[PDB]
Amino acid sequence: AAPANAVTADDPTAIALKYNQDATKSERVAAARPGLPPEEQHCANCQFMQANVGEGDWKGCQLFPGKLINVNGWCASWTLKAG
Ligand code: SF4
């Protein structure tokens, strides 16, 4: 069950970025974002994931203020976690 503040499929920015809380149900292959092969990309290894926000599998994303993403998710702004 998603948290009350989870990013939802109906969120305009989620639609624009093609977010899904399950990266296996994402278009990461089509997007081919750089830094890792697409099959390896999900929120947990993204620079925008905020490890100190949320709990468990539901963590912050800088791009979605006030909400939570799933660590196993993906969107088209995926960027390698470099620091
Ligand atoms: S920017 Fe990164 S952490 Fe945020 S939803 Fe997209 S892939 Fe997940």
Side-chain angles (χ1 to χ4, degrees):
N5 61 350
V7 176
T8 74
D10 296 340
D11 171 320
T13 296
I15 293 159
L17 294 179
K18 308 197 184 199
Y19 172 76
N20 199 286
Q21 67 186 38
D22 182 348
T24 72
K25 298 189 174 67
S26 80
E27 298 180 63
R28 62 194 179 167
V29 171
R33 298 309 305 145
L36 285 173
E39 300 288 4
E40 299 171 41
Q41 297 174 11
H42 58 111
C43 296
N45 57 27
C46 182
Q47 184 59 40
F48 297 113
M49 195 272 277
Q50 297 178 329
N52 208 45
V53 173
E55 194 280 336
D57 288 357
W58 296 101
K59 306 295 289 173
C61 173
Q62 199 280 333
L63 313 190
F64 292 92
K67 308 181 192 297
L68 294 173
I69 57 64
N70 193 291
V71 298
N72 298 321
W74 179 92
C75 82
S77 291
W78 183 87
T79 297
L80 182 71
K81 176 65 173 178

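Just so it is clear, the values below take in all heavy atoms, side chains as well, and ignore hydrogens, waters and symmetry mates. Starting from 1, each residue takes its place in the sequence as its number.
A side-chain contact (heavy atoms from CB on, under 4.5 Å) with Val7 holds for exactly one of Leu68, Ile69, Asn20; it is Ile69.
Separating the CG atom in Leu36 from the NE2 atom in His42 is a distance of 9.0 Å, to the nearest 0.5 Å. We find the OG-CG distance between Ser77 and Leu63 to be 5.0 Å, quoted to the nearest 0.5 Å. Taking SG from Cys46 and CG from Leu80, the interatomic distance works out to 8.5 Å, rounded to the nearest 0.5 Å. Interatomic distance, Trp78 CH2 to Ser26 OG, rounded to the nearest 0.5 Å: 11.5 Å. How far NZ of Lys25 is from CG of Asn72: 11.5 Å, rounded to the nearest 0.5 Å. Between the OG1 atom in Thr13 and the NZ atom in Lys67 there is a gap of 8.5 Å [rounded to 0.5 Å].
The backbone N or O of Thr8 sits nowhere less than 3.5 Å from a side-chain atom of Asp11 that would complete a donor-acceptor pair.
Residues satisfying the side-chain hydrogen bond (donor to acceptor under 3.5 Å, both in side chains) criterion with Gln21, sequence neighbours excluded, are absent altogether.
Within a 6.0 Å sphere centred on CD of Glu27, other residues, nucleotides and ligands contribute 12 heavy atoms or fewer.
Among residues at least two apart or in separate chains, there is no side-chain hydrogen bond (donor to acceptor under 3.5 Å, both in side chains) pair with a member in residues 51-62.
Judged by distance alone, the side chains of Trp74 and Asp22 never bring a donor and an acceptor atom under 3.5 Å apart.
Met49 and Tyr19 end up in the same hydrophobic cluster when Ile, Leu, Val, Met, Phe, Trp and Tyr side chains are linked at under 4.5 Å.
Side chains of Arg28 and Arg33 form no contact here, defined as non-hydrogen atoms less than 4.5 Å apart.
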